[PDB]
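Heads up, the thing below is written out as structure tokens.
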Amino acid sequence: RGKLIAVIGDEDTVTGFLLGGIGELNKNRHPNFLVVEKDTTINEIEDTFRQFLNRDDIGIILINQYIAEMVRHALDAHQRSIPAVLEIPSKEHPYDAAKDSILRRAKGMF
Amino acid sequence: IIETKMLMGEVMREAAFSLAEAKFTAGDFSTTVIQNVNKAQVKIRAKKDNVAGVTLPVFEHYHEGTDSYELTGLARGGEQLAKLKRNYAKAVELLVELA
Amino acid sequence: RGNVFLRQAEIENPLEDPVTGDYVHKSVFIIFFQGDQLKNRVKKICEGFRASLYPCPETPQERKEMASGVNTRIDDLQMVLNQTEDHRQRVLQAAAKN
Amino acid sequence: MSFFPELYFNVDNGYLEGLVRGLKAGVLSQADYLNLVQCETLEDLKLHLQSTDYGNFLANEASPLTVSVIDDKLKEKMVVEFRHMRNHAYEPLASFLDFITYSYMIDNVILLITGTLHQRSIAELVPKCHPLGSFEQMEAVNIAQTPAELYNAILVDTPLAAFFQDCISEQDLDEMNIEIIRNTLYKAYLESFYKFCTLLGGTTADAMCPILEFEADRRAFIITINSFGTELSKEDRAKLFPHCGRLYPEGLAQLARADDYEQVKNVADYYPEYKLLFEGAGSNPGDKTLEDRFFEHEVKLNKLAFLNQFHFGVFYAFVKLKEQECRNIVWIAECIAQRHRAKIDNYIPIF
Amino acid sequence: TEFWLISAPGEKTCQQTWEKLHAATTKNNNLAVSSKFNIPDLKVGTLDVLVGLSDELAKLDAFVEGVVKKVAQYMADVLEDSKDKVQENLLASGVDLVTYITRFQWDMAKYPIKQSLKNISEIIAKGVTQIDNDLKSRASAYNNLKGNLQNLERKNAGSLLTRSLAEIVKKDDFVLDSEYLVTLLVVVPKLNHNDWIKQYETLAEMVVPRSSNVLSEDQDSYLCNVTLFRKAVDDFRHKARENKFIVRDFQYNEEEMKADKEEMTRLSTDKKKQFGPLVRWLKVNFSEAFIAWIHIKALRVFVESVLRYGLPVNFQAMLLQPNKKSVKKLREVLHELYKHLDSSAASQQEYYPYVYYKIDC
Amino acid sequence: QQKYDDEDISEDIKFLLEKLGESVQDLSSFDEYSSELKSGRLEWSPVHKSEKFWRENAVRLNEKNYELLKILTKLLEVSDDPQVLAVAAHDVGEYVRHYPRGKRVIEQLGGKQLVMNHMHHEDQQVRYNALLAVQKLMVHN
């Protein structure tokens, strides 16, 4: 009841994840999700990502490889546990095991 | 953990295939899904885990139970959308575990 | 499936229903049963159709005399209500003049 | 008229009948699918798509290989052709094409609803609409995010007001949810179109009335299947069951009580041409489902109507046949893009 | 089959014979089949908890009714020597169903009356539930076997374009130990079989000449092939697809095809061997289940009779089989013969002046 | 609501507004309130309408064994000054507006009859105040 998963993804991923059930309107009635497209500037994405992270009632964040790669420094600038950030594959961007913040914290184990 | 994540890749390969099937049979419902978003259906119950002398945060999937939007007008696409709903219902829980 | 005697009585001059205003004749045909399940489902049913379940008369006469005392209080309570109508009546024409 | 077309009909219809007959060559056959499938890459898929009537349809656009642009261009070609032939219409065909445009203007107007709920301007939603309801009318923009303005808005010049006046009002839009409004408007238009076709007797009615009866029947069946497990009330299901099918003389009452899908099979055992479809409904890994069978029988009725030529179905079966063709194309392209050959051929072929 | 059971207060000891063949309280003037039920005597136990006991017993009775009808439905879905339509004469434990309801036997050993009647009802529930779980497992496993057979036949279903060529072609039909070549099996229809046997020279270059040798001829399309350079497979396919030369690269394998066919035969023989005993297990499960069901129905009838009639256990009941289309006359006559039992309070609707529950197919 | 171009008007208005608000805050105190209730002289203090008081600090009127309620009942019994009597009646009414325990206590004490006698007081405004107090003693009674 406390925290709610977030979603920053293209139309396919966000429709699929919203059909999974997640997504609520907050006090400002902003959406729990964001729409990313080819017609979506970097500044909007970065500002929305920080907006979500500042809304402490979210807790979990879902971002694919590509969106995170676009704002890579803003992704790896975050080292905290409770506001978890997830790196997931995508049909349009299948996972690369060499690219994860958590495995970068674990880099050197092999 | 790499194997758990590869399993997630497999699960969402299945999910993307089922999403393509949903696009195929009923044509266009994505905008209606994105348009109507008022309250969620699965939330998280904050928790902590005493694996050792120190404590490490964990989370629990919680079925809030909100009713799913009914798709019966666009070519009566209920069965396929139900299949996609079930696939992503599984995906949500498995990714909460990974989280 | 209940099989106990019937405490019968009738109400004349049926004061209007408390919440609607229906001056319709009433009566009581009461029976007591031991089963707890009955005390659930029978009362659920009567609430479903109609019933007044609030009080619980008791043969021990202390409750009877206490209720008679409360009834004696009802009259003074009604007199205060009458004074309330008197005040909200006399405050009207004073304003309505101007 | 007096049962005598061909001194009336051809004079007023051949001008468009010949043109659409010429355009009909662009629908691919199984022979083309025997070589589209043997590509294994999107470049060769584009080659096989552009070797056909869709000559360089993706030129100067979408350099990287993808699937969405293909569907978008196909829909663009569809809408421009449909408007092109609508632009030369004659009164009866004009009413027909007007109803065929109501089919999508109902979708557009229901999309306009909840714009008031979400406080949105029309201009942002314009590209979100399917273009077929462009609504080059007064007031088509800036509905002020108020339901009353939306209702008076649709009533101003939208031609669908003539049928919305009798079934919905502003008050009704704010009581039930959006999906019920969609179902109600679609059912009202379907029954009105059935009556319209019935009044205009001839070969046109003779070919279309079976089709619309089948549409009503499949709608009733699939709703009854998908409405057993939902919060809806059977009063609303009766409101939303079409009443112009083969089941309308007998069977609709049975569907109001046919909860289990097996009972829906038992009520479809009161019309056999649907019993064979429910027999085809396997719901198994390797065959198709009931809704797919209903789409298949829709294509079959379209073909049976295409056996004839003196009808206004050169502009109704024509558009839906090309919809089926483009749906097959998109499914094939999508599974090719994902590298899934298990269901490479999970589509309804055309001829 | 439809069958009736009525109970009465039993104010007289003559009702012992009236349960069988009273003339005055006969049904259809001594034409309906009537036999006294094999009535046991059980303890009272409780009355305040008894009403809810009978209610939950009715819920469980509907549940087991669904269970037994589900067992019959599944055994009919077996569709071999057991169906809802033909070969439907399935005996009640080796004795005809009508013959066992008319000769119902009641036993104390399985279900001691000394125990609570709730104890017996929950033991029946436990047994039927274990039977039901074993039935769900049996359905899953054996229908998975039948589906495996059906899907292996789906692999045997279709023209040669989708059906393997295990027993049609040979290992030597292509070039084993190819240098830089591939015997692309470009199956050509019969409308164009006569064309490739001359066009093969020009359809590609850097190929093997005189590669006009056909393999086989089939109804849909004639099997055939052609040898050519590995890079030239692309060029020949692109040139040949326009002259109705369907391309179908077939791979020969003796071992794997033989293994699949042996698996098919194994599955068929093992399926018969598992199907016989499957019918046996279904029969015994259905058997024990309906005997438990007629027992629990008799129990509920007993409970209702004890609720209605009085502190003694003196009550008297009997089966009943009306002749068709005269059971309305019985409705009236039995209303007359049972209204004097009550003679006061009990509109009727379902609260009849008599005790009755309906048993049917 | 009046607006002027001179910003000094607005600044002085805001200063006076805030300071008057804090003046009412400091003047509003249960300590001096109970002190004046024990002194025997009562006035129409602004704390009567301070709903914060009667919402939160009203349990402080229950001193040792309802001592303040007892001596206010005695003040209602003895005193005949209409102003202090009306003040006490209004305060007791607002006290019972938030406490059923106090309601049953005052029912036991018979002070309900004392307010009834105040409903017949020579001054009609005090009669109306006593009527209001009894109406606050009327919750489910």
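What to note about this one:
- Yes/no for E:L337 being of a type in the set (A, V, I, L, M, F, W, C) and either in contact with a helix residue (DSSP H, G or I) (Cβ under 9 Å, 6 or more places away or on another chain) or not in a loop (DSSP other than H, G, I, E, B) (or both): yes
- Pick from the stretch C:16-36, criterion within 14 Å of chain E (Cβ to nearest Cβ) and assigned to a loop (DSSP other than H, G, I, E, B), ranking: nearest to E:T46 (Cα to Cα): C:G35
- The number of residues in the stretch E:1-49 being among the aliphatic types (A, V, I, L, M) and within 36 Å of the chain's Cα centre (by Cα) comes to 5.
- Residue selected from the stretch F:87-117 under the condition within 25 Å of F:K38 (Cβ to Cβ) and within 12 Å of chain C (Cβ to nearest Cβ), by the criterion surrounded by the most Cβ atoms within 10 Å (Cβ to Cβ): F:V115
- Condition met for E:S344 (in contact with a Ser or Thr (Cβ under 7 Å, 6 or more places away or on another chain) and of a type in the set (S, T, N, Q)): no
- Exactly one residue among E:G158, E:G147 is within 33 Å of the chain's Cα centre (by Cα) and either within 30 Å of E:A289 (Cβ to Cβ) or surrounded by 19 or more Cβ atoms within 10 Å (Cβ to Cβ) (or both), and that residue is E:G147.
- All conditions in (1) touching a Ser or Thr at 6+ places or on another chain (Cβ under 8 Å); (2) more than 7 Å from every other protein chain (Cβ to nearest Cβ); (3) over 30 Å from D:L290 (Cα atoms); (4) not basic (K, R) hold for B:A40, with the sole exception of (2).
- The selection criterion, being outside any helix (DSSP H, G or I) and either among the aliphatic types (A, V, I, L, M) or touching a helix residue (DSSP H, G or I) at 6+ places or on another chain (Cβ under 9 Å) (or both), holds for D:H340.
- Of the set (1) among the aliphatic types (A, V, I, L, M); (2) touching a helix residue (DSSP H, G or I) at 6+ places or on another chain (Cβ under 6 Å); (3) under 25 Å from E:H22 (Cα atoms), all apply to E:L320 but (2).
- Residues that are within 14 Å of another protein chain (Cβ to nearest Cβ) and in a loop (DSSP other than H, G, I, E, B) were ranked within the stretch F:118-141; the one that is surrounded by the fewest Cβ atoms within 10 Å (Cβ to Cβ) is F:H140.
- Sub-6 Å Cβ pairs linking a first residue in the stretch A:74-91 that is more than 19 Å from B:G9 (Cα to Cα) and more than 10 Å from chain B (Cβ to nearest Cβ) to a second residue that is surrounded by fewer than 18 Cβ atoms within 10 Å (Cβ to Cβ) and among the hydroxyl-bearing types (S, T, Y), at least 6 apart or interchain, are A:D76/A:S101, ordered by first then second residue.
- In the stretch B:66-99, the residue that is farthest from the other protein chains (Cβ to nearest Cβ) out of those that are within 15 Å of A:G23 (Cα to Cα) and in contact with a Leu (Cβ under 6 Å, 6 or more places away or on another chain) is B:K85.
- Failed criterion for D:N302 (all others in (1) within 10 Å of another protein chain (Cβ to nearest Cβ); (2) polar (S, T, N, Q); (3) within 14 Å of the chain's Cα centre (by Cα) hold): (1)
- Residues in the stretch D:201-234 that are within 13 Å of chain B (Cβ to nearest Cβ), of a type in the set (V, I, T) and assigned to a helix (DSSP H, G or I): D:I222, D:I223, D:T224, D:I225.
- Close pairs from the stretch D:322-351: first more than 10 Å from every other protein chain (Cβ to nearest Cβ), partner of a type in the set (S, T, Y), Cβ under 6 Å, at least 6 apart: D:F351/D:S29
- In the stretch E:217-241, the residues that are in contact with a helix residue (DSSP H, G or I) (Cβ under 8 Å, 6 or more places away or on another chain) and not β-branched (V, I, T): E:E217, E:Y222, E:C224, E:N225, E:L228, E:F236, E:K239, E:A240, E:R241
- With respect to the conditions (1) over 15 Å from the mean Cα position of the chain (by Cα); (2) more than 8 Å from chain A (Cβ to nearest Cβ); (3) crowded, with 18+ Cβ neighbours inside 10 Å, B:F59 lacks only one, and its number is (2).
- Contact map, the stretch D:128-155: residues that are within 20 Å of B:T31 (Cα to Cα) paired with residues that are assigned to a loop (DSSP other than H, G, I, E, B) and basic (K, R), Cβ distance under 8 Å, separation 6+ or inter-chain. Pairs shown: D:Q145/D:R120.
- For B:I2: the one exception among (1) in contact with a strand residue (DSSP E or B) (Cβ under 7 Å, 6 or more places away or on another chain); (2) at the interface with another protein chain (Cβ under 7 Å from one of its Cβ atoms): (1)
Values quoted throughout were computed directly from the atomic coordinates according to the rules given, and no laboratory measurement underlies them. Using ideal geometry, Cβ is built from the backbone for each residue, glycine included, and neighbour counts are taken over all protein chains shown.
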